[PDB]
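So the structure is just underneath, and the comments pick up after that.
There are 4 protein chains.
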Amino acid sequence: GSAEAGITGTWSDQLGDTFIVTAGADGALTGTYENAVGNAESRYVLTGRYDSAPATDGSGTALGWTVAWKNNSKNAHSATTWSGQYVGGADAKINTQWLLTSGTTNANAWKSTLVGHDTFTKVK
Amino acid sequence: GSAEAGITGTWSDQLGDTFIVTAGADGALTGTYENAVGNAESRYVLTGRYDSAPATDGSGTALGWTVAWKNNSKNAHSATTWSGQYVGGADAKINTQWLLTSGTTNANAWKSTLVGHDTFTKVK
Amino acid sequence: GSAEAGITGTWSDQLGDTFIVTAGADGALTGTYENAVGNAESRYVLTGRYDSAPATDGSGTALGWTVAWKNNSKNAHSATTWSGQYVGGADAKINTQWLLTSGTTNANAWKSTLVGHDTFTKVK
Amino acid sequence: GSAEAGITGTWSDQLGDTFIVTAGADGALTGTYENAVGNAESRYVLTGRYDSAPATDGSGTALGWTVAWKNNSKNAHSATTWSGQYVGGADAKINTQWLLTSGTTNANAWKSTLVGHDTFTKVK
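Chains as they are written, first to last, in the entry's author numbering: chain A, 11 to 134; chain B, 11 to 134; chain D, 11 to 134; chain C, 11 to 134.
Quick look at the structure:
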């Protein structure tokens, strides 16, 4: 599909971290998040969902994914979810907003969740 | 693990919608979101990640998941991501914030993304 | 006006912190945020805006306000904005979501902004 | 004050809308939001707060403000709060995230609040 092939590939965010994703025919997203320096200890699994049959009116394709910040050697006791849309074309983009929740005590729950935005450009 | 068994089960949000989840040993979350009514036409796949080795200091367990709002009969061209933490105990909860992005044109992208919060209570 | 009178007063959030607000005919909000303790060195100025002529169809009244966390005795180099709606009736509420930005270096800007939610009830 | 002078002026967002603001010695912000096309019917009051004594370690200056979308000619029954930081130097910016709540019925409250982000550049 157009949505499937568009989303699949390697993306870089504006901080230079790297989002490697495959989109499946069933709406699944799978891949890896890794840091700008490329470090093996810097790689984390991601999973999410996308709209496999987007509107045909020039709108983007909705999607979201999660990374929990645990891998074989690190654990930051936190997870980020990216919610956004894929916009195809020459200079395709994925435009997202994100929520990063850390595990906290209930007294510190008000400081549990960061918010931000990341824009990805496709490298290949 | 305590994280794995705690998260697994059926949760209800404060709108009365139903979140059925299984947590795996590898950090995966899988399940289904359904409406308060119960309807098969109301059921959607979810996927996400959690911290499978949370801190042992009374903090919650970080997690996130995504639903793309396409099933076999409906497509709302959108996806929600929930970011939050599981808090165990007798009165266990999953406390979350969410981002719901719709596919839009670039001109309407400023109105693409809703934000909110959902608190879940475990029913089984 | 109905919106003016319903918003004006003293409000408590679910953390037990105190919000004293006056709404003006021109859509201005002014007041003070104070801690759950009561402390005079924990009082900060608030300013904001509300819809002085809301819909009469059962909809809430849109509003927002800002606290910068500097007073004569303390400076936490940060500001919170609450965005939400006032809902009148028997047990009137202000339901909000908030963003708290701390001043940071560009390198730490991804850690600059917390998000959360506060529900206020009016104190008699 | 450096923060007072830096913040005071006319700013344009990435959508080309115009924010005219004055920062006062007491931490107050006041001004006007205006649309990309300049329209006097499209001007709305803003009020907010900023940290009048920011850190001098390279950190930005925290601030926030609100616009309620009512003026003499229009009422969109909603309000936006911007939360962010001013970053000085040669290429000065205000980086923000925002929440836009519309007045809704309780049934529709999950669709009440949009979130996004706006970066401003100074015009003069």
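Here a beta-carbon is modelled for each residue, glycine too, at the ideal position from N, C-alpha and C.
Annotation: B/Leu39 has no Cβ neighbours in chain C at a cutoff of 9 Å; minimum Cβ distance is about 22 Å.
Proximity of A/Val125 to chain C, defined by a Cβ-Cβ separation below 8 Å, is satisfied. It is roughly 11 Å from the alpha-carbon of A/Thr111 to the alpha-carbon of D/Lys121. Chain order gives no chain C residues near A/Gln24, where near means a beta carbon separation below 7 Å; the closest approach is about 11 Å. Contact between the segment 11-28 of chain C and the segment 17-34 of chain B is absent, with fewer than three C-beta pairs closer than 8 Å. Counting C-beta pairs closer than 8 Å gives three or more between the segment 80-93 of chain D and the segment 56-73 of chain C, which meets the contact rule.
Per the DSSP secondary-structure output, D/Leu39 pairs in a beta bridge with D/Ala33 and D/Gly58. Comparing alpha carbon positions, the residue from B/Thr115, B/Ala117 and B/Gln95 closest to A/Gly113 is B/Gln95. Note that the C-beta distance between B/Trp75 and A/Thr106 is not below 8 Å. Classified as buried, C/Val31 has 16 or more neighbouring CB atoms from the shown chains inside 10 Å of its CB. For B/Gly37, same chain residues with a beta-carbon under 8 Å away, outside a window of 5 residues either side, are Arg59, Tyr60, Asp61 and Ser62 in chain order. Apart from the 5 residues on each side of it in sequence, B/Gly11 sits with its Cβ closer than 8 Å to the Cβ of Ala35, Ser62 and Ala63 in its chain, given in chain order. Here D/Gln24 is not bridged, per DSSP, to any residue. Taken in chain order, the members of the segment 44-65 of chain C whose beta-carbon sits within less than 9 Å of a beta-carbon on chain D are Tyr54, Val55, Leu56, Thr57, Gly58, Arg59, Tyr60, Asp61, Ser62, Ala63, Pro64 and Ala65. Between the alpha carbons of D/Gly99 and D/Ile17 lies a gap of roughly 12 Å. The continuous stretches of beta strand (DSSP E) do not include A/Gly16, which lies in the alpha helix (DSSP H) extending over residues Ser12 to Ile17. Rounded to whole angstroms, the separation of the alpha carbons of D/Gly19 and D/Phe130 is 11 Å. DSSP places C/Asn105 in the strand class (E or B) of the three-state scheme. Residues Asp27 and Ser52 of the same chain have their beta carbon placed closer than 7 Å to that of D/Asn45, with the five preceding and five following residues left out of the count. Residues are counted here when their Cβ sits less than 7 Å from a Cβ of chain A; for the segment 100-129 of chain C these are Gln107, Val125 and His127, given in chain order.
For chain C, the residues of the segment 71-100 of chain D that bring a beta carbon within less than 8 Å of one of its beta carbons are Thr71, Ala72, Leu73, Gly74, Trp75, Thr76, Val77, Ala78, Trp79, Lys80, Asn85, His87, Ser88, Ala89, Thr90, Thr91, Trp92, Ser93, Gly94, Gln95 and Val97, in chain order.
The residue from C/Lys80, C/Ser69, C/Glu14 and C/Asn118 with its alpha-carbon nearest to that of C/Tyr43 is C/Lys80. Remark: C-beta atoms of D/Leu56 and D/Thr40 approach each other more closely than 8 Å. Here the alpha carbon of B/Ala78 sits roughly 44 Å from the alpha carbon of D/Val47. Just so you know, the alpha carbons of C/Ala15 and C/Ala33 end up roughly 7 Å apart.
Following the DSSP letters along the chain, one finds A/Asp128 inside the beta strand (DSSP E) bounded by residues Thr123 to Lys132. Under the three-state reduction of DSSP, D/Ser112 is assigned to strand.
B/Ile104 is the residue among B/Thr123, B/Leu109, B/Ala117 and B/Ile104 whose C-alpha sits nearest the C-alpha of B/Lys132. Any Cβ of chain B closer than 8 Å to the Cβ of A/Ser12 would place that residue at the interface, and such an atom is absent. Per DSSP, A/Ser69 lies in no beta strand (DSSP E) and is assigned neither H nor E. Against chain B, the beta carbon of A/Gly68 has neighbours under 8 Å at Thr115, listed in chain order. By alpha-carbon distance to A/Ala119, the top candidate from B/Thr91, B/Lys134, B/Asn82 and B/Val97 is B/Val97. Rounded to the nearest angstrom, the gap between the Cα atoms of B/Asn49 and B/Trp92 is 22 Å.
In the structure shown, the three-state DSSP call for D/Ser93 is strand. Under DSSP, the beta-bridge partners assigned to D/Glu44 are D/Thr28. In the displayed model, D/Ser83 falls within coil according to three-state DSSP, outside both helix and strand.
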